[PDB]
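Raw data.txt, compact mmCIF, C-alpha atoms and all ligand atoms:
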# COMPACT_ATOMS: atom_id res chain seq x y z
CA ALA A 1 0.00 0.00 0.00
CA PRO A 2 1.64 3.24 -1.27
CA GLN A 3 1.88 5.92 1.44
CA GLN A 4 -0.09 8.14 -0.91
CA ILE A 5 -3.07 5.82 -1.00
CA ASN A 6 -2.82 5.32 2.76
CA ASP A 7 -2.71 9.03 3.46
CA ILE A 8 -5.58 9.97 1.12
CA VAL A 9 -7.70 7.17 2.49
CA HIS A 10 -7.02 7.77 6.17
CA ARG A 11 -7.31 11.56 5.92
CA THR A 12 -10.70 11.19 4.27
CA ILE A 13 -12.23 8.22 6.05
CA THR A 14 -11.11 8.99 9.62
CA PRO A 15 -13.13 12.21 9.80
CA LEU A 16 -16.04 10.60 7.95
CA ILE A 17 -16.25 7.88 10.58
CA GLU A 18 -16.06 10.45 13.37
CA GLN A 19 -18.64 12.84 11.89
CA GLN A 20 -21.11 10.08 11.02
CA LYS A 21 -20.53 7.95 14.15
CA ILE A 22 -20.01 4.87 11.99
CA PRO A 23 -19.41 1.77 14.18
CA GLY A 24 -17.51 -0.27 11.58
CA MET A 25 -16.22 0.36 8.08
CA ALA A 26 -14.28 -1.36 5.32
CA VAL A 27 -12.82 0.35 2.28
CA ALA A 28 -11.16 -0.98 -0.88
CA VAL A 29 -9.34 1.23 -3.34
CA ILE A 30 -8.61 -0.25 -6.73
CA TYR A 31 -5.56 1.54 -8.09
CA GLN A 32 -4.00 0.52 -11.38
CA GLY A 33 -5.94 -2.74 -11.12
CA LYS A 34 -4.77 -3.83 -7.64
CA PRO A 35 -6.93 -3.66 -4.52
CA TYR A 36 -5.84 -1.98 -1.25
CA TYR A 37 -7.87 -2.64 1.88
CA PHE A 38 -8.63 -0.66 4.99
CA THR A 39 -10.77 -1.52 8.01
CA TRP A 40 -12.01 0.26 11.11
CA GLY A 41 -14.11 -0.40 14.15
CA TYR A 42 -16.69 -3.06 14.89
CA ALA A 43 -18.79 -5.59 13.02
CA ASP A 44 -20.51 -6.42 16.32
CA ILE A 45 -20.25 -3.86 19.10
CA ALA A 46 -21.64 -6.04 21.90
CA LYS A 47 -19.45 -9.04 21.01
CA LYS A 48 -16.42 -6.78 20.33
CA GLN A 49 -15.90 -8.31 16.92
CA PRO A 50 -13.74 -6.13 14.63
CA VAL A 51 -14.33 -5.37 11.01
CA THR A 52 -12.01 -7.46 8.91
CA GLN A 53 -11.57 -8.14 5.20
CA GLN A 54 -13.86 -11.17 5.82
CA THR A 55 -16.73 -9.23 7.42
CA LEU A 56 -20.06 -9.46 5.56
CA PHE A 57 -22.01 -6.21 5.04
CA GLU A 58 -25.51 -5.73 3.68
CA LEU A 59 -25.13 -4.14 0.27
CA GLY A 60 -28.69 -2.92 0.04
CA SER A 61 -29.31 -1.43 -3.37
CA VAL A 62 -25.77 -2.09 -4.57
CA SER A 63 -27.44 -5.52 -5.14
CA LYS A 64 -29.15 -3.89 -8.13
CA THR A 65 -25.80 -3.91 -9.91
CA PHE A 66 -25.65 -7.71 -9.58
CA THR A 67 -29.24 -7.96 -10.84
CA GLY A 68 -28.45 -5.73 -13.80
CA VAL A 69 -25.40 -7.79 -14.74
CA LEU A 70 -27.31 -11.10 -14.33
CA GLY A 71 -29.95 -9.68 -16.66
CA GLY A 72 -27.28 -8.52 -19.08
CA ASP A 73 -25.86 -12.05 -19.05
CA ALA A 74 -29.32 -13.47 -19.89
CA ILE A 75 -29.63 -11.04 -22.81
CA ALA A 76 -26.19 -12.06 -24.07
CA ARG A 77 -27.25 -15.73 -23.88
CA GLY A 78 -30.28 -14.93 -26.05
CA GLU A 79 -32.64 -15.92 -23.22
CA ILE A 80 -34.36 -12.53 -23.04
CA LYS A 81 -34.35 -9.21 -24.88
CA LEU A 82 -34.87 -5.85 -23.19
CA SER A 83 -37.31 -5.07 -25.96
CA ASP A 84 -39.50 -8.02 -24.84
CA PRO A 85 -42.90 -7.17 -23.29
CA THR A 86 -43.09 -8.02 -19.58
CA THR A 87 -46.04 -10.26 -20.43
CA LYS A 88 -43.82 -12.57 -22.53
CA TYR A 89 -42.37 -13.88 -19.27
CA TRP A 90 -45.43 -13.42 -17.10
CA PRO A 91 -48.48 -14.15 -19.25
CA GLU A 92 -50.71 -14.12 -16.13
CA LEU A 93 -50.13 -10.36 -16.09
CA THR A 94 -53.23 -9.73 -18.18
CA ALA A 95 -54.31 -6.30 -16.98
CA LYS A 96 -54.30 -3.75 -19.81
CA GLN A 97 -51.88 -1.25 -18.30
CA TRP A 98 -49.06 -3.75 -18.96
CA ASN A 99 -49.35 -3.41 -22.74
CA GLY A 100 -46.25 -1.55 -23.80
CA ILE A 101 -44.20 -2.12 -20.61
CA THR A 102 -40.96 -3.90 -21.57
CA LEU A 103 -38.16 -5.52 -19.62
CA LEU A 104 -36.10 -2.36 -20.34
CA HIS A 105 -38.71 -0.28 -18.52
CA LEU A 106 -38.61 -2.58 -15.51
CA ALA A 107 -34.85 -2.65 -15.32
CA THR A 108 -34.48 1.14 -15.58
CA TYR A 109 -37.41 2.35 -13.40
CA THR A 110 -39.23 3.78 -16.40
CA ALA A 111 -42.38 1.59 -16.44
CA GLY A 112 -44.61 4.46 -15.38
CA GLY A 113 -44.24 4.75 -11.63
CA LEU A 114 -44.08 1.24 -10.24
CA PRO A 115 -44.18 1.57 -6.44
CA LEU A 116 -41.02 2.17 -4.54
CA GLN A 117 -41.67 -0.79 -2.24
CA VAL A 118 -43.50 -4.06 -2.58
CA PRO A 119 -45.83 -3.92 0.44
CA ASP A 120 -44.82 -6.06 3.44
CA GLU A 121 -48.26 -7.69 3.21
CA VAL A 122 -47.31 -9.31 -0.08
CA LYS A 123 -46.08 -12.75 1.05
CA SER A 124 -47.31 -15.23 -1.60
CA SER A 125 -46.80 -15.57 -5.36
CA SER A 126 -50.51 -14.84 -5.85
CA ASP A 127 -50.08 -11.76 -3.64
CA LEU A 128 -47.36 -10.58 -6.03
CA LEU A 129 -49.53 -11.06 -9.10
CA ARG A 130 -52.45 -9.17 -7.46
CA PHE A 131 -50.09 -6.31 -6.61
CA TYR A 132 -48.82 -5.86 -10.15
CA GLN A 133 -52.25 -6.47 -11.70
CA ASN A 134 -53.87 -3.81 -9.51
CA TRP A 135 -51.15 -1.18 -9.80
CA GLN A 136 -52.26 1.93 -11.64
CA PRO A 137 -49.45 3.63 -13.53
CA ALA A 138 -48.99 7.29 -13.03
CA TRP A 139 -47.45 7.79 -16.50
CA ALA A 140 -46.96 6.19 -19.90
CA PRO A 141 -43.94 3.90 -20.07
CA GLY A 142 -40.64 5.45 -20.97
CA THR A 143 -41.43 8.98 -19.89
CA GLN A 144 -40.28 9.32 -16.24
CA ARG A 145 -37.81 7.61 -13.96
CA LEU A 146 -38.93 6.67 -10.47
CA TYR A 147 -36.36 4.63 -8.59
CA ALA A 148 -38.20 1.60 -7.22
CA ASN A 149 -37.60 -1.88 -5.80
CA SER A 150 -40.80 -3.23 -7.38
CA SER A 151 -39.46 -2.29 -10.84
CA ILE A 152 -35.91 -3.72 -10.93
CA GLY A 153 -37.02 -6.50 -8.57
CA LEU A 154 -39.54 -7.76 -11.12
CA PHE A 155 -36.95 -7.42 -13.91
CA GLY A 156 -34.59 -9.74 -11.97
CA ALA A 157 -37.27 -12.33 -11.37
CA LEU A 158 -38.36 -12.40 -14.99
CA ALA A 159 -34.88 -12.30 -16.49
CA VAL A 160 -34.01 -15.67 -15.04
CA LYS A 161 -37.25 -17.45 -16.05
CA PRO A 162 -36.00 -18.95 -19.36
CA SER A 163 -32.89 -20.33 -17.58
CA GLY A 164 -35.14 -22.58 -15.49
CA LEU A 165 -33.05 -21.59 -12.48
CA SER A 166 -34.14 -19.76 -9.35
CA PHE A 167 -32.86 -16.19 -9.11
CA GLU A 168 -30.36 -17.23 -6.44
CA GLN A 169 -29.12 -20.27 -8.37
CA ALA A 170 -28.75 -18.18 -11.51
CA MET A 171 -26.83 -15.48 -9.64
CA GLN A 172 -24.57 -18.08 -8.02
CA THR A 173 -23.77 -20.09 -11.13
CA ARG A 174 -23.64 -17.25 -13.66
CA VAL A 175 -22.15 -14.34 -11.71
CA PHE A 176 -20.76 -15.13 -8.23
CA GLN A 177 -18.98 -18.38 -9.07
CA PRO A 178 -17.29 -17.36 -12.33
CA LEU A 179 -16.01 -14.14 -10.73
CA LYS A 180 -14.81 -16.08 -7.66
CA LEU A 181 -17.07 -14.09 -5.34
CA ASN A 182 -17.04 -16.93 -2.83
CA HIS A 183 -18.09 -14.86 0.17
CA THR A 184 -21.04 -13.12 -1.45
CA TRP A 185 -24.49 -14.34 -0.52
CA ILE A 186 -28.15 -13.78 -1.08
CA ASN A 187 -28.70 -16.00 1.99
CA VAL A 188 -25.90 -16.12 4.52
CA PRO A 189 -25.12 -19.80 5.25
CA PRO A 190 -24.83 -20.87 8.91
CA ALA A 191 -21.10 -21.46 8.37
CA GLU A 192 -20.60 -17.80 7.51
CA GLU A 193 -22.81 -16.21 10.20
CA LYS A 194 -19.78 -15.51 12.41
CA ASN A 195 -18.70 -12.98 9.79
CA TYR A 196 -22.04 -11.22 9.27
CA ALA A 197 -21.82 -7.74 10.76
CA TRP A 198 -24.73 -6.24 12.64
CA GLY A 199 -26.20 -3.07 11.23
CA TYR A 200 -26.91 -0.19 13.59
CA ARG A 201 -29.99 1.99 13.46
CA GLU A 202 -30.57 4.42 16.31
CA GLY A 203 -28.03 2.39 18.26
CA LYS A 204 -29.92 -0.90 17.82
CA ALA A 205 -28.38 -3.95 16.11
CA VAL A 206 -30.43 -4.81 13.01
CA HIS A 207 -30.43 -6.99 9.91
CA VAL A 208 -32.51 -6.57 6.80
CA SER A 209 -35.90 -8.31 7.00
CA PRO A 210 -37.20 -10.80 4.40
CA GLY A 211 -39.50 -9.32 1.73
CA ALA A 212 -40.88 -10.13 -1.70
CA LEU A 213 -38.31 -9.57 -4.44
CA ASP A 214 -35.65 -8.86 -1.83
CA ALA A 215 -32.83 -10.84 -3.41
CA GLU A 216 -33.46 -9.10 -6.71
CA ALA A 217 -33.49 -5.53 -5.37
CA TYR A 218 -31.56 -5.22 -2.08
CA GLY A 219 -30.65 -8.59 -0.55
CA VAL A 220 -26.96 -9.27 -1.24
CA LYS A 221 -24.29 -9.45 1.47
CA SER A 222 -20.61 -9.36 0.68
CA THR A 223 -17.11 -8.74 1.97
CA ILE A 224 -14.76 -5.93 1.08
CA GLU A 225 -12.52 -8.43 -0.85
CA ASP A 226 -15.39 -9.73 -2.95
CA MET A 227 -16.63 -6.19 -3.57
CA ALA A 228 -13.17 -5.15 -4.71
CA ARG A 229 -13.25 -8.08 -7.14
CA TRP A 230 -16.71 -6.97 -8.33
CA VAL A 231 -15.30 -3.51 -9.04
CA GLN A 232 -12.29 -5.03 -10.86
CA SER A 233 -14.67 -7.13 -12.98
CA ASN A 234 -16.78 -4.12 -13.87
CA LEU A 235 -13.68 -1.98 -14.64
CA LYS A 236 -12.22 -4.55 -17.04
CA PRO A 237 -14.94 -6.89 -18.37
CA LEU A 238 -12.67 -8.12 -21.17
CA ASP A 239 -10.56 -10.03 -18.66
CA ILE A 240 -13.62 -12.17 -17.93
CA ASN A 241 -13.40 -15.60 -19.56
CA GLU A 242 -17.11 -16.38 -19.63
CA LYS A 243 -18.26 -14.69 -22.85
CA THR A 244 -21.87 -13.94 -21.92
CA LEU A 245 -20.88 -12.56 -18.54
CA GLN A 246 -18.32 -10.25 -20.15
CA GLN A 247 -21.07 -9.04 -22.48
CA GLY A 248 -23.56 -8.79 -19.58
CA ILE A 249 -21.27 -6.44 -17.68
CA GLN A 250 -20.91 -4.28 -20.76
CA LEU A 251 -24.66 -4.17 -21.23
CA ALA A 252 -25.24 -3.06 -17.66
CA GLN A 253 -23.00 -0.01 -18.25
CA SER A 254 -24.77 1.00 -21.43
CA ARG A 255 -26.59 4.35 -21.23
CA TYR A 256 -30.34 3.83 -21.72
CA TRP A 257 -31.89 7.07 -20.37
CA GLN A 258 -30.69 10.50 -19.35
CA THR A 259 -31.98 12.60 -16.43
CA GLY A 260 -29.97 15.76 -15.88
CA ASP A 261 -26.33 14.76 -15.97
CA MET A 262 -27.00 11.12 -15.07
CA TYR A 263 -27.38 8.13 -17.32
CA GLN A 264 -29.26 5.02 -16.23
CA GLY A 265 -27.73 1.58 -16.91
CA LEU A 266 -28.88 -1.80 -15.65
CA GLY A 267 -28.31 -1.32 -11.95
CA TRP A 268 -25.32 0.94 -12.50
CA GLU A 269 -25.74 4.69 -12.93
CA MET A 270 -23.21 6.77 -14.80
CA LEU A 271 -21.99 10.30 -15.39
CA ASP A 272 -19.39 11.58 -17.85
CA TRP A 273 -15.92 11.96 -16.32
CA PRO A 274 -14.63 14.43 -15.30
CA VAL A 275 -17.70 14.93 -13.21
CA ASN A 276 -18.65 17.94 -11.17
CA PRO A 277 -18.64 16.50 -7.62
CA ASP A 278 -21.77 18.52 -6.71
CA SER A 279 -23.36 17.09 -9.85
CA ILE A 280 -22.94 13.53 -8.61
CA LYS A 281 -32.88 13.05 1.81
CA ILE A 282 -35.61 12.71 -0.84
CA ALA A 283 -37.81 9.68 -0.27
CA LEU A 284 -39.32 9.69 -3.79
CA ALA A 285 -38.12 11.69 -6.81
CA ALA A 286 -39.93 11.59 -10.15
CA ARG A 287 -37.86 12.85 -13.07
CA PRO A 288 -38.53 13.06 -16.78
CA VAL A 289 -36.18 10.92 -18.83
CA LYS A 290 -34.81 11.29 -22.32
CA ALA A 291 -34.34 8.08 -24.23
CA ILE A 292 -30.89 7.40 -25.60
CA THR A 293 -31.78 5.99 -28.99
CA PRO A 294 -29.98 3.61 -29.37
CA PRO A 295 -28.27 3.15 -26.00
CA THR A 296 -24.64 4.20 -25.85
CA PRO A 297 -22.26 1.34 -25.23
CA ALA A 298 -20.26 1.57 -22.03
CA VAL A 299 -18.27 4.81 -22.00
CA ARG A 300 -14.81 4.30 -20.51
CA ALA A 301 -14.65 7.96 -19.51
CA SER A 302 -17.44 7.62 -16.92
CA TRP A 303 -18.00 7.88 -13.20
CA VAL A 304 -19.92 4.65 -12.72
CA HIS A 305 -21.51 4.19 -9.30
CA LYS A 306 -24.26 2.93 -7.04
CA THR A 307 -25.33 3.75 -3.51
CA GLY A 308 -26.88 1.14 -1.23
CA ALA A 309 -28.72 1.34 2.06
CA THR A 310 -30.60 -0.94 4.36
CA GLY A 311 -31.91 0.04 7.79
CA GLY A 312 -28.54 -0.69 9.33
CA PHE A 313 -25.99 -0.39 6.51
CA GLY A 314 -24.65 2.14 4.05
CA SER A 315 -22.65 1.10 1.00
CA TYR A 316 -21.12 2.85 -1.98
CA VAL A 317 -19.27 1.71 -5.10
CA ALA A 318 -17.74 4.03 -7.71
CA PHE A 319 -15.24 3.47 -10.49
CA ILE A 320 -13.78 5.14 -13.56
CA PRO A 321 -12.88 2.62 -16.29
CA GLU A 322 -10.60 4.98 -18.25
CA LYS A 323 -8.41 5.39 -15.12
CA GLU A 324 -8.56 1.78 -13.87
CA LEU A 325 -9.59 3.31 -10.57
CA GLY A 326 -12.37 2.42 -8.15
CA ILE A 327 -13.51 2.41 -4.57
CA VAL A 328 -15.86 0.42 -2.33
CA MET A 329 -17.05 1.81 1.01
CA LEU A 330 -19.02 -0.56 3.27
CA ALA A 331 -20.36 0.61 6.60
CA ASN A 332 -22.73 -0.78 9.23
CA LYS A 333 -24.67 2.43 9.63
CA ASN A 334 -26.85 4.04 6.95
CA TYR A 335 -25.38 7.54 6.82
CA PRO A 336 -26.14 10.28 4.27
CA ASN A 337 -25.35 9.63 0.61
CA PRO A 338 -23.69 13.01 0.02
CA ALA A 339 -21.04 12.12 2.60
CA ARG A 340 -20.34 8.87 0.72
CA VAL A 341 -19.95 10.58 -2.62
CA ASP A 342 -17.83 13.42 -1.24
CA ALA A 343 -15.48 10.92 0.39
CA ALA A 344 -15.21 8.72 -2.69
CA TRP A 345 -14.61 11.70 -4.92
CA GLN A 346 -11.94 13.13 -2.64
CA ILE A 347 -10.10 9.78 -2.73
CA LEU A 348 -10.40 8.99 -6.45
CA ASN A 349 -9.70 12.55 -7.57
CA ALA A 350 -6.44 12.49 -5.60
CA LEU A 351 -5.29 9.25 -7.15
CA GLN A 352 -6.36 10.10 -10.67
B1 LIG B 1 -31.56 0.84 -1.97
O1 LIG B 1 -30.53 0.55 -0.94
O2 LIG B 1 -31.31 2.22 -2.42
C1 LIG B 1 -33.01 0.72 -1.35
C2 LIG B 1 -34.01 1.56 -1.83
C3 LIG B 1 -35.30 1.53 -1.23
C4 LIG B 1 -36.39 2.50 -1.76
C5 LIG B 1 -36.68 2.15 -3.20
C6 LIG B 1 -35.92 3.93 -1.76
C7 LIG B 1 -37.66 2.42 -0.92
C8 LIG B 1 -35.57 0.66 -0.16
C9 LIG B 1 -34.57 -0.20 0.34
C10 LIG B 1 -34.85 -1.16 1.53
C11 LIG B 1 -36.09 -2.00 1.30
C12 LIG B 1 -33.66 -2.06 1.89
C13 LIG B 1 -35.07 -0.27 2.74
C14 LIG B 1 -33.30 -0.15 -0.29
What does the file become when written as structure tokens?
Amino acid sequence: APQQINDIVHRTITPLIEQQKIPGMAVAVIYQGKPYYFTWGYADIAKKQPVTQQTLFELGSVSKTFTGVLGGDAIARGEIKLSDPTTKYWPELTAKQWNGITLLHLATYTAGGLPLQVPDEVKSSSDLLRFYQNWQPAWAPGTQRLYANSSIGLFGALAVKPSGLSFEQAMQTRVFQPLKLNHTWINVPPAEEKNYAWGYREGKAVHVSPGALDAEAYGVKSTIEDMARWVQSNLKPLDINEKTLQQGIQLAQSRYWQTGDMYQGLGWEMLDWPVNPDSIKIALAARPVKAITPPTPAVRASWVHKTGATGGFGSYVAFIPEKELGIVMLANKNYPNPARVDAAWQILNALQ
């Protein structure tokens, strides 16, 4: 670890941890391809367990990047197309508002205002169908972006249907295993529980609760080493030996819609680099989108990123392919997103 990387990381993260009262944190910087790791504080305060490079954190919505890449892999295999109607994979979805809503719309939050959350009351498969049947779109498809778990969650579930595999099995065999993410889990096995950090919300130890379409939208747990490898894989997809996965990664970084300075991929979100740091709180934010017709293939000169939160955890991943540079920040408190971005930008800008 170069003293430069050490100094920029410690001078940025130490005050962040102090200001935000973060109990435990792990950081990976990917610099010229190699990962450098840093850890602070506690995975479990009461049991005095430290954060290590083996600690599991809830990724929250950073899981959407795995879903987007799994869907990209299914497209590359010829199993699905983003131009396919939703009803091709869910014919039971007969209500008329679904005519015109494609897998692209689901993946990119542009279906017309699918709800932010699947209600907790939805517990059965028939509950799920009722929910989507009864939903009344606010808008025509492809006109506004409304970030939503019920949108990308449904995309993940449908994308794996032609494979015959469960979502989890598909993710494991097609993404986690080939990339050697061997400590990344949709369900944490009993053998690995010793490494699962607690999250902290108002000083209480918490873990994310089960919900419909959780795995697809917010349910992955991972370590800082596996997350560094995920960043490496998304920085340099051509190093990946599995052809459809390499292609899937590229598809997830394609630019499908534009809102302001941001471009929506599959899971990933992107801005042109160099990026105004202030250009990189609100519970619900509807924004008109412009279609990118046709989508732009992955731009190397991009700030590519994704925030994640659960009740107890705050995560952030950002990378710049043209500079072979990236960062992962995993914490067991959900602290404000602007603090994540400011920290990540301070670190990557200094190393770029
Ligand atoms: B994700 O970590 O950004 C994410 C988003 C949401 C919205 C869509 C904002 C309600 C909800 C969650 C959970 C369900 C984990 C709180 C996560």
Legend entry - CA of residue 287 (chain A) to CA of residue 260 (chain A), distance in Å rounded to a single decimal: 8.9 Å
What are the closest atom pairs, with distances in Å to one decimal, for all residues of chain A lying within 6 Å of ligand LIG 1 (chain B)? Consider all atoms listed in the file, order rows by chain and residue number, and present the result as a tab-separated table.
residue	atom	partner	partner_atom	distance
A:60	CA	B:LIG1	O1	4.0
A:61	CA	B:LIG1	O1	3.4
A:116	CA	B:LIG1	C5	4.5
A:117	CA	B:LIG1	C7	5.3
A:147	CA	B:LIG1	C5	5.9
A:148	CA	B:LIG1	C5	4.3
A:149	CA	B:LIG1	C5	4.9
A:218	CA	B:LIG1	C12	5.5
A:308	CA	B:LIG1	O1	3.7
A:309	CA	B:LIG1	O1	3.6
A:310	CA	B:LIG1	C12	4.1
A:311	CA	B:LIG1	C13	6.0
Inset, instruction - Just give me the gap between CA of residue 30 (chain A) and CA of residue 320 (chain A) in Å, one decimal is fine. - result: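 Between these atoms lies a distance of 10.1 Å.
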Legend entry - d(CA of residue 295 (chain A), CA of residue 65 (chain A)) in Å: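 Value for the CA of residue 295 (chain A)-CA of residue 65 (chain A) distance: 17.7 Å.
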Legend entry - For residue 129 (chain A): contacts at 12 Å, all atoms listed in the file, fewer than 2 positions along chain excluded, given as a list in words: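 So, after excluding close chain neighbours, the residues are residues 87, 90, 91, 92, 93, 94, 95, 118, 122, 123, 124, 125, 126, 127, 131, 132, 133, 134, 135, 150, 154 and 212 of chain A.
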Legend entry - Shortest interatomic distance to residue 178 (chain A) - which of A:31, A:313, A:230, A:38, counting all atoms listed in the file: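 That would be A:230, the residue with the smallest distance to residue 178 (chain A).
Shortest separation to residue 232 (chain A) among A:34, A:21, A:11, A:47 occurs at residue A:34, atoms counted being all atoms listed in the file.
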Legend entry - Using all atoms listed in the file: which of A:88, A:204, A:145, A:180 has the shortest distance to residue 115 (chain A):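 Of the candidates, the smallest distance to residue 115 (chain A) is held by A:145.
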Inset, instruction - May I ask which of the residues A:229, A:300, A:207, A:221 is the closest one to residue 29 (chain A), counting all atoms listed in the file? - result: A:229
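Distances to residue 352 (chain A) were evaluated for A:267, A:210, A:8, A:89 using all atoms listed in the file, and the minimum falls at A:8.
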Inset, instruction - Compare A:283, A:171, A:105, A:13 by their minimum atom-to-atom distance to residue 83 (chain A), counting all atoms listed in the file, and give me the closest one. - result: A:105
Which residues of region 101-197 of chain A have any atom within 9 Å of an atom in region 237-252 of chain A when counting all atoms listed in the file, and what is the closest pair of atoms for each, with the distance in Å to one decimal? Order the rows by chain and rising number and write it as CSV.
residue,atom,partner,partner_atom,distance
A:174,CA,A:245,CA,7.3
A:175,CA,A:245,CA,7.2
A:178,CA,A:242,CA,7.4
A:179,CA,A:240,CA,7.8
Inset, instruction - Please provide as a PyMOL selection string all residues within 7 Å of residue 198 (chain A), with the sequence filter that same-chain residues fewer than 4 positions apart are discarded (counting all atoms listed in the file). - result: chain A and resi 43-44+205-207+332
Inset, instruction - Find the residues around residue 183 (chain A) up to 9 Å (all atoms listed in the file counted), leave out those fewer than 5 positions away in its own chain, and share them as an MDAnalysis selection string. - result: chainID A and resid 54 56 176 192 221:223 225:226
Inset, instruction - Compile the contact shell of residue 227 (chain A) as an MDAnalysis selection string: residues with an atom at most 12 Å away, counting all atoms listed in the file, same-chain residues fewer than 5 positions apart removed. - result: chainID A and resid 26:30 35:37 53:59 62:63 65:66 176 179:185 220:222 232:234 315:319 326:330
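Proximity to residue 141 (chain A) at 9 Å, evaluated using all atoms listed in the file and with sequence-adjacent residues fewer than 3 positions away removed, yields residues 100, 101, 102, 105, 110, 111, 112, 113, 137 and 144 of chain A.
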Have region 168-180 of chain A completed to N, CA, C and O atoms, please, and pass it along as a compact mmCIF listing (two decimals), in the frame of the given file.
# COMPACT_ATOMS: atom_id res chain seq x y z
N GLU A 168 -31.58 -17.03 -7.22
CA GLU A 168 -30.36 -17.23 -6.44
C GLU A 168 -29.42 -18.20 -7.15
O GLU A 168 -28.21 -17.98 -7.20
N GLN A 169 -29.96 -19.32 -7.64
CA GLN A 169 -29.12 -20.27 -8.37
C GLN A 169 -28.51 -19.66 -9.62
O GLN A 169 -27.34 -19.89 -9.91
N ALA A 170 -29.28 -18.86 -10.34
CA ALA A 170 -28.75 -18.18 -11.51
C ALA A 170 -27.62 -17.23 -11.12
O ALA A 170 -26.58 -17.25 -11.75
N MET A 171 -27.86 -16.42 -10.09
CA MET A 171 -26.83 -15.48 -9.64
C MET A 171 -25.56 -16.22 -9.24
O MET A 171 -24.46 -15.79 -9.56
N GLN A 172 -25.72 -17.32 -8.51
CA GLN A 172 -24.57 -18.08 -8.02
C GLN A 172 -23.80 -18.68 -9.17
O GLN A 172 -22.60 -18.51 -9.25
N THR A 173 -24.49 -19.36 -10.08
CA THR A 173 -23.77 -20.09 -11.13
C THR A 173 -23.27 -19.17 -12.23
O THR A 173 -22.25 -19.46 -12.83
N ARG A 174 -23.98 -18.07 -12.50
CA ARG A 174 -23.64 -17.25 -13.66
C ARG A 174 -22.85 -16.00 -13.36
O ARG A 174 -22.23 -15.46 -14.26
N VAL A 175 -22.87 -15.56 -12.11
CA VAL A 175 -22.15 -14.34 -11.71
C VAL A 175 -21.16 -14.58 -10.56
O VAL A 175 -19.95 -14.34 -10.73
N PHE A 176 -21.65 -15.03 -9.39
CA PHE A 176 -20.76 -15.13 -8.23
C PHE A 176 -19.65 -16.15 -8.48
O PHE A 176 -18.47 -15.85 -8.27
N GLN A 177 -19.98 -17.34 -8.96
CA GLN A 177 -18.98 -18.38 -9.07
C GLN A 177 -17.92 -18.05 -10.12
O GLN A 177 -16.73 -18.16 -9.83
N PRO A 178 -18.34 -17.66 -11.35
CA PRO A 178 -17.29 -17.36 -12.33
C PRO A 178 -16.34 -16.24 -11.95
O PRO A 178 -15.18 -16.25 -12.35
N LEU A 179 -16.82 -15.28 -11.16
CA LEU A 179 -16.01 -14.14 -10.73
C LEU A 179 -15.30 -14.45 -9.41
O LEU A 179 -14.62 -13.58 -8.86
N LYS A 180 -15.46 -15.67 -8.91
CA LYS A 180 -14.81 -16.08 -7.66
C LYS A 180 -15.23 -15.20 -6.48
O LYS A 180 -14.43 -14.87 -5.60
